[PDB]
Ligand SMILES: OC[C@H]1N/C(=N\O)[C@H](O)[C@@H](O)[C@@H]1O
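We begin with a single chain expressed as structure tokens, specifically the form deposited without the ligand.
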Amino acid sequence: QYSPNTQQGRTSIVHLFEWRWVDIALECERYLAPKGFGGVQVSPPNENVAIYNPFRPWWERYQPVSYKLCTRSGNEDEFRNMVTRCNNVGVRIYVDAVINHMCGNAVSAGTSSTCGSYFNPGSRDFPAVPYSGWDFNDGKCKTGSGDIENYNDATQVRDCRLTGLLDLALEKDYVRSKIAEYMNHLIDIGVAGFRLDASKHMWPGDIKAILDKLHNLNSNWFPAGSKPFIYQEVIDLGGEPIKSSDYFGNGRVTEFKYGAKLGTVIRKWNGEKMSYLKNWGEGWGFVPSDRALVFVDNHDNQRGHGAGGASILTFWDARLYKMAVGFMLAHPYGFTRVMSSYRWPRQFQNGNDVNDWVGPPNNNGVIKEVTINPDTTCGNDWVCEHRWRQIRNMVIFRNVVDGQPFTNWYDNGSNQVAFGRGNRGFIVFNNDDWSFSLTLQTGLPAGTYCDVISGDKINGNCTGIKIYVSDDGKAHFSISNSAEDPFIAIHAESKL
């Protein structure tokens, strides 16, 4: 459960949020494989409710109608084509599994679904699965509203409806089997693992029972006995009865404290400073590294829809965002997930974005293809953060230093810090309101290294900043607080 199942040397996965299967397949071959990306988290591939009010919101995909591989991202044929092509290039696919619930209980009955399947939330009828009233927790939930009302009561959080979403009776073998049937279908197709959506709303024991029915990965691409990578979406910040540790027996868990705290630190909120990141990781109360799935932002909290709050950094905060992602990718703690999003008309009113529901770039509801600009950036309103030189090069940095220890830490007692990874890499950050000019011990072999943030190493030459490491491993670093990117990163493969 705990191993990502990525190719040796590939240490990160990217969330291609709302991307079409055909576009992902191409991205795997043209960019992800050549650039060393480990895998891709795809949006829910199962049929969901088609919501027109608002117009096709991104969250409609988290309201299942059936387990048919039929969505705005493509059909089963397109999905299989993508998994196959990506796997053939050594890039894994991880499915966002929405198994805790079906659609909202108040959703109108009919065929307003991505595959035309009929469903009736009111009567608990989902014939395409099939599911009936006997498969939901209507009788198990003890709240007066039938929905989750108090998170201080661990029982209702699992047996009641999350904001009205019909809650599946996961204790029933029939329900467990139907979900396993869906997941096994995906595994046999070639997926390497899953993100278990709303895991906090599922009993650890129920998840385990379901995972116990899962197949080993497809033996045509993976070694015998390979188990699907499992990372459970559990939002666990401050004081709550439910702890993400309650799910360690099933696989990894999303560490939402990671992005929340990193955001507050880089934003320098309430006295926080980068010098405090010296003991980053378990020292900050985070889950063990081998059970952590980390990220700066996710599809939910990048639009104030999830845990983290206003401290979460996103592509909207480009400069600080690159620094946060850079620190994450350089630091050894956990398995890293990079976010890839689309632009939307953010409309802030009284502190809240009233357009936080807007779905992916589209034409009359049809998701737009991802176009690639001559400079390798994306068009059609796709942000493609994973294609940003500063982020892509850090994804590679993590690969190059894989296994190397956290060492040679330095800090000015404020927001100027630096550290290395064994003798394979070194990174320096300046988040202070003044320039940083100092000679530091890099632990790297003597030579000339290309800074992979400001530039690239191309045919024996650096396109950006150049760093010179002496025989004693020391090197001079100069970063103005006015620099486009106030951080420098160099590694074994950026050496001339």
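When you see a residue number, it is the position in the sequence shown, counting from 1.
Although it is not shown, the form deposited with the ligand bound is what the next lines describe.
Trainee: Taking 4.5 angstroms as the cut-off for heavy atoms, does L162 touch the ligand in the deposited bound form?
Mentor: Taking the distances in the deposited bound form, the answer for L162 is yes, it comes within 4.5 Å of the ligand.
Trainee: Classify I235 as contacting or not contacting the ligand in the deposited bound form by the rule of any non-hydrogen atom within 4.5 angstroms, answering yes or no.
Mentor: Judged by the heavy-atom cut-off of 4.5 Å, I235 is in contact with the ligand in the deposited bound form.
Trainee: So in the deposited bound form, does any heavy atom of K200 sit within 4.5 Å of the ligand?
Mentor: Yes, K200 lies within 4.5 Å of the ligand in the deposited bound form.
Trainee: Does at least one non-hydrogen atom of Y118 fall within 4.5 angstroms of the ligand in the deposited bound form?
Mentor: No, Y118 stays farther than 4.5 Å from the ligand in the deposited bound form.
Trainee: Name the stretch: of 400-408, 200-208, 422-430, 324-332, exactly one has residues whose heavy atoms fall within 4.5 Å of the ligand in the deposited bound form.
Mentor: Going by heavy atoms within 4.5 Å, the stretch is 200-208.
Trainee: Can you pick the one in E149, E240, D138, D381 that has a heavy atom within 4.5 Å of the ligand in the deposited bound form?
Mentor: Contact check passes for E240.
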